Amino acid sequence: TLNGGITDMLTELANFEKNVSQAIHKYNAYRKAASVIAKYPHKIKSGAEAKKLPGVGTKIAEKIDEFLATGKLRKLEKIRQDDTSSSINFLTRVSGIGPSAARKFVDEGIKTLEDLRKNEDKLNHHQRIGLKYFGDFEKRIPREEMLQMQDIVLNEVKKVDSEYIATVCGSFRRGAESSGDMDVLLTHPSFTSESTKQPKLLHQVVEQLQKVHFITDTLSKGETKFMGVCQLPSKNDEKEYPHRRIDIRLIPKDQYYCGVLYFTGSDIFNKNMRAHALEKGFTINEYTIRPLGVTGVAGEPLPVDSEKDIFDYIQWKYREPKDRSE
DNA sequence: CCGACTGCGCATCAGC
DNA sequence: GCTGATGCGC
DNA sequence: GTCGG
Ligand SMILES: Nc1ncnc2c1ncn2[C@H]1C[C@H](O)[C@@H](COP(=O)(O)OP(=O)(O)OP(=O)(O)O)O1
Ligand SMILES: [Cl-]
Ligand SMILES: [Cl-]
Ligand SMILES: [Cl-]
Ligand SMILES: [Cl-]
Ligand SMILES: [Mg+2]
Ligand code: NA
Ligand code: NA
Ligand code: NA
């Protein structure tokens, strides 16, 4: 990428602010600046040039000037050698360990992978699974494996009930050559915004996927959202595939377009689009787009017949999924 | 200057 | 138990 | 940390 050095710097700063400073708005500000620089189609020559972009302000412009002239950022070089910041940043790489738990563990002298492994009884269930698969969860998934995973999920769902529709979203739907995890949107005509005519709709699908040894572990599970672990079957004498994160979201069938818009992302794209909606007087979530009243109270959901309808309401030209990787 | 910053499911905890 | 807040990840 | 009004 043309400006990878700068965007890596801003990403490292974002992670510092989230994990160590617990400053969520700075985390989001740094990620917004990284995203807008990442799509800028020129190699940046100065901080002033970058400051023309929305989300890049005075302080980031100065950091860009430092980075361009020296290849480094003193602020980050100091963070990298600070033990407490390093410890906290490492611990948050375990799924289920966030900024608060990371700092609490450091306080208690739980600081390394070996520390975590000998203190499993101090981890909740999610953290325990995150530790178990620490290495695997940092490996990306090639699209070819995503296709095999898609084939299993769609066929197993069909066997439970042919009226289910499962749609793989996230980075896969945006056409990525590799994905961090698998995201599956699920619908069934029994579950709408008007009624739930059948219970256990998500449970049934999870169970079937566990029964064929595709889903291997559960991080969290409720009526509409499953988060867990899966693994492709391997062949005779072949090394096993890494374990992979899988999320499944059951969305009311009449709200598919809002749900598929949400679950396709990217996360920053959704943030930017939802922010634009607010400036247009709407609010978007994974279920509906609603107008905001004069008082800032969401009104009734607007009719939605396609993903493009949502774009039309907020006066955005339609963007195909592959153009949403912000 | 300064209020506002996208939006939410599930796990966990506090207070009653 | 319920309710509401916080953590976490999405 | 950035920005709109
Ligand atoms: N913070 C968020 N706000 C709004 N939507 C989000 C947020 N995080 C995630 N999403 C939505 C958009 C994402 O594309 C989708 C799936 O999440 P996620 O799996 O983390 O990202 P991803 O599929 O885009 O990339 P990856 O390849 O890393 O898995 O959920
Ligand atoms: Cl902040
Ligand atoms: Cl650096
Ligand atoms: Cl919809
Ligand atoms: Cl809603
Ligand atoms: Mg994903
Ligand atoms: Na700017
Ligand atoms: Na984590
Ligand atoms: Na995901």
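Below, read A as the first sequence line, B as the second, and so on, with proteins coming before strands; counting in each chain starts at 1.
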Which is true for [X] with a 4.0 Å heavy-atom rule: it touches a base, it touches only sugar-phosphate, or it touches nothing?
X	value
A:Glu279	nothing
A:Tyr30	sugar-phosphate
A:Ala101	sugar-phosphate
A:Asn285	sugar-phosphate

Return the value, rounded to whole Å, for the distance between atom [atom1] of [X] and atom [atom2] of [N].
X	N	atom1	atom2	answer
A:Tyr27	C:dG7	OH	P	16 Å
A:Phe263	C:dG9	CZ	P	16 Å
A:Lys59	D:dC3	NZ	P	14 Å

- line: By ring-ring contact (aromatic ring centres under 6.0 Å, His included), A:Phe214 pairs with (sequence neighbours left out) none
query: Quick one: ring-ring contact (aromatic ring centres under 6.0 Å, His included) partners of A:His126, sequence neighbours excluded?
result: none
Kindly give the atom pairs (protein nitrogen or oxygen, nucleotide nitrogen or oxygen) under 3.5 Å for nucleotides 10-13 of chain B.
unit_1: B:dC10; atom_1: OP1; unit_2: A:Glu223; atom_2: N; d: 3.1
unit_1: B:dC10; atom_1: OP1; unit_2: A:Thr224; atom_2: N; d: 3.0
unit_1: B:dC10; atom_1: OP1; unit_2: A:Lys225; atom_2: N; d: 2.9
unit_1: B:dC10; atom_1: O3'; unit_2: A:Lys221; atom_2: N; d: 3.4
unit_1: B:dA11; atom_1: OP1; unit_2: A:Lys221; atom_2: N; d: 3.0
unit_1: B:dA11; atom_1: OP1; unit_2: A:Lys221; atom_2: O; d: 3.3

query: Counting just side-chain N and O atoms, does A:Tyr287 come under 4.0 Å of either OP1 or OP2 of B:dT6?
result: no
- prompt: Taking only N and O in the side chain of A:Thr283, is any of them less than 4.0 Å away from OP1 or OP2 of B:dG7?
  reply: yes
- prompt: How about A:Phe105 and A:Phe90: are their ring centroids closer than 6.0 Å?
  reply: no
task: Determine, for A:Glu326 against A:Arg319, whether the closest basic-nitrogen to carboxylate-oxygen distance falls under 4.0 angstrom.
output: yes
- prompt: Is there a donor-acceptor contact under 3.5 Å linking the side chains of A:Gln208 and A:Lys159?
  reply: no
